[PDB]
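The chain that follows stands alone, in the form deposited in one PDB entry, written as structure tokens.
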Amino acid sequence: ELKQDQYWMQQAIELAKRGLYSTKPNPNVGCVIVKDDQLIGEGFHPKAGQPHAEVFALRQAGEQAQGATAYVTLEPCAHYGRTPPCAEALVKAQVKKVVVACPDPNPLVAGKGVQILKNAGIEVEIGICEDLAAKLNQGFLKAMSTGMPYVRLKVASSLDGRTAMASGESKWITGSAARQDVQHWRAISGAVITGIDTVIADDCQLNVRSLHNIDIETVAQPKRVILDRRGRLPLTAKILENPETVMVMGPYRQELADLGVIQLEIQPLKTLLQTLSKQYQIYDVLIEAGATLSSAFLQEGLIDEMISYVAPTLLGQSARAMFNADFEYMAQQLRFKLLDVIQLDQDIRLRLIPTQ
């Protein structure tokens, strides 16, 4: 009966995943309506500006929603935003019970939806499959509760922890399946951060161009954030193809204004992350940068999760180190907790969380 609740929530968790690339800055939310042990309404949130999962499920439910039980992965909202309050829609639909996975992470609003629900004499349960549900909105839950984005760092290295022989060669040690995987990480990110070096060396794009069974046009594209402190970004760079989705931290440049590039002031990495969240509503950040900037992020403790692609090759000791720090003692190691390792054809990928 708790297990019954958990079963229904998991369904809502699965529906929530259906807007994964298209919801940002809004969260992923799923909702099921259950009447007499029967599924009678399903909804997810497809896109910021569109109806919330609850609205879509209640539409399906119809007058049948009366006395039913709604399961929603995130507390139903109580405030008008782009759309009306779900708490009220659920009051209007005259449901018996609401089962919530994640309370609203915004502490100014946490419980407000519950309060409306409880005052309408609707019973409420919170925390069911919270852990699983929270995996749907790592950036969102983090940013709304702490003001900082969830930051993922992508690194690609050899078996022996190296990335290149020489810099600026644009050589690849990882294969195409790993390329495909990177797309997923970009597609859930509000921004992809890199340093001018990568741009100059690689003419990289850092956008989302192919995801299996999804058309590009449905994807809420990450902003491309370039850290360019000396303003050496050439106007010819492929990244400037879609200038509206480019941010550039570096000296004010009139030529970049004329293209509509967002120009950010030079600020500490930590502050940059704060600015992206607060000003631009970027809650998921991905770093795809060379060793210096990657190492800086890691050493400044700014990485929530490292996504490490390892190619089955040895580059040898004089090849470029993936990580630039000069540690003297074993006690100085940056240890991580391993989440999982998967195979991507010839490469593997690890996801790693800092420990303390």
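From 1 onward, residues are counted along the sequence shown.
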Check: Which has the higher mean CA temperature factor in the PDB entry, 143-151 or 210-218?
Finding: 210-218
Next item on the list: Read off the CA B-factors in the entry, average them over 152-160 and over 265-273, and name the higher stretch.
Entry: 265-273
Notebook entry, point to check: Between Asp104, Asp181, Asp284, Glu255, which carries the biggest CA temperature factor in the record?
Noted result: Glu255
Note to self: Sorting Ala61, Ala296, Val310, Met322 by Cα temperature factor from the record, which one lands on top?
What the structure shows: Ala61
Next item on the list: Sort the modelled residues of this chain by their C-alpha B factor and say whether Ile348 lands in the lowest, middle or highest third.
Entry: lowest
Checklist line | CA B-factor placement of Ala289, once the chain's modelled residues are sorted into thirds | finding: middle
Next item on the list: Comparing against every modelled residue in the chain, figure out the third that the C-alpha B-factor of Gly30 lands in (lowest, middle or highest).
Entry: middle
Notebook entry, point to check: What third of its chain's C-alpha B-factors does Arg186 belong to: lowest, middle or highest?
Noted result: lowest
Check: Taking the entry's C-alpha B-factors for this chain, is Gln115 in the lowest, middle or highest third?
Finding: middle
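The following text describes the form deposited with a small molecule bound, which does not appear among the structures shown.
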Check: Which one, 235-243, 252-260, 277-285, 183-191, holds residues whose non-hydrogen atoms are within 4.5 Å of the small molecule in the entry with it bound?
Finding: 183-191
Notebook entry, point to check: Only one of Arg179, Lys135, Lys96, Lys118 has a non-hydrogen atom within 4.5 angstroms of the small molecule in the entry with it bound; which is it?
Noted result: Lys135
